[PDB]
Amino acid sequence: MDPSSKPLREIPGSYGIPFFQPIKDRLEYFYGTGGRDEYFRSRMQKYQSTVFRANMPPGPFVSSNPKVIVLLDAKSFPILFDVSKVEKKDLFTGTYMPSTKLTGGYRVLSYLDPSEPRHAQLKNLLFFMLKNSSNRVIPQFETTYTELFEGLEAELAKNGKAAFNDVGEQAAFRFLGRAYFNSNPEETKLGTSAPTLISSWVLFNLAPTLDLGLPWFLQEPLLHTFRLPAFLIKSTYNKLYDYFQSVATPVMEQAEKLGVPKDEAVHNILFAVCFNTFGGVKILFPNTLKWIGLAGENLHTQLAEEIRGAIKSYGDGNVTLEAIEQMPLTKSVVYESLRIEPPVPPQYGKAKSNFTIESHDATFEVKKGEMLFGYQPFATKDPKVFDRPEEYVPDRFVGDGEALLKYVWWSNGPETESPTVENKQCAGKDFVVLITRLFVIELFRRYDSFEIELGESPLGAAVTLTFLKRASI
């Protein structure tokens, strides 16, 4: 509607009694009926607004300031991408930042504002790492995921069911080592334990804001009130560090050229691969498998046809970037997975000055220093942007629908924009889109269709294969 019809109003909501309310609120957030989605929906209903004040976890001792302004609609949300208006310093994980003792004593790239020289240096370093792996991406993905599928197939044939997540995570890390460093981590001292080592380390970092499914009387006192001692995970972290220090030589050498010490470079590479990359794929691949599986054989047949046809005609028998460009449905399927279920839901930004923001029916004033918070899942399901927003529509982005990519924000920026040293958009944006398309491609080069069953998991979606129809033999 016309902005002149959106009156300037006070931001609804209150923070309540300082120490007390944030604790009561995090209890609602983690144990209230409906979970965090209801935490946000109930407030939207209560205040009849997609913009409101609220306290956010972790609260008290871990976080010195739980107060934020929540943004749930597609009109207000984009302010979080505007680095000229919002500061993005030490807020990668929200209203608190994990101890730097968990990251070699350094404040790694993800926590740096673009105004910091190191942000440009380190992000350029990661761009180098990504470009350097370009020639290995497709071949190594094919090799790694063929191994994964052969394994799942064998498990299914012998047991009747095959859980995806675990072996899928092992495959993800195996692929990353091969693509980024031309190294199979399973041949090193890491063996097949990388996923377990990483998960433990990530837990130490994020425990304050993670719901592990434990009862409140156990989870609150031991995970949500105090930070877990960093010296306890040092041993585990060192195993990971030793791996990267030995295989990331070319990236470490480029780091020196950019003015970054080798040690700092390794800690940042470790973080980018284990935290950013692995953690994201651990969530995205199972979710994508889920949405495609729930779509039915009709979609499966169309994807198989498109994928195999493009490979034969444009790839001359092989998977090439040129071939992928000619797979419109596959591209849309991946974008729809990223829209309907953003792998990383929370984005934060702190106001650098006083300015105005607007929802679909009101105008609000934001004061310098206030923490803005956006819950992406609600914003990318805004009915004023997407028809049937709660439904997975496979071809939503095909043809004219491509214009809607301006509203796909999984990477902390419009899908149409590229990450740069000037913004805080995911450095590996194009890489994740490519590998997720490769995941779908490898799946349909081998199978005509598949069936799954879903389980109740805390960190994402638990997917189990119940049937795999082979394309040949």
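The numbering used is simple: start at 1 and walk along the sequence shown.
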Of 56-64 and 435-443, the stretch whose C-alpha atoms average the higher B-factor in the entry
56-64
Taking the recorded C-alpha temperature factors, which stretch has the higher mean, 2-10 or 462-470?
2-10
Have a look at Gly94, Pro383, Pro377, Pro328 and flag the one whose Cα has the highest B-factor in the entry.
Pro383
Highest recorded C-alpha temperature factor, please, choosing from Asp90, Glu336, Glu370, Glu256.
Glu256
Can you tell me whether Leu454 has a C-alpha B-factor in the lowest, middle or highest third compared with the other modelled residues of the same chain?
highest
Using the B-factor values recorded in the entry, state whether the Cα atom of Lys101 falls in the lowest, middle or highest third among the modelled residues of its chain.
middle
Here the Cα B-factor of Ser313, set against its chain, lands in the third termed highest
Compared with the other modelled residues in the chain, in which third is the CA B-factor of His267?
lowest
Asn238, C-alpha B-factor rank within chain (lowest, middle or highest third):
highest
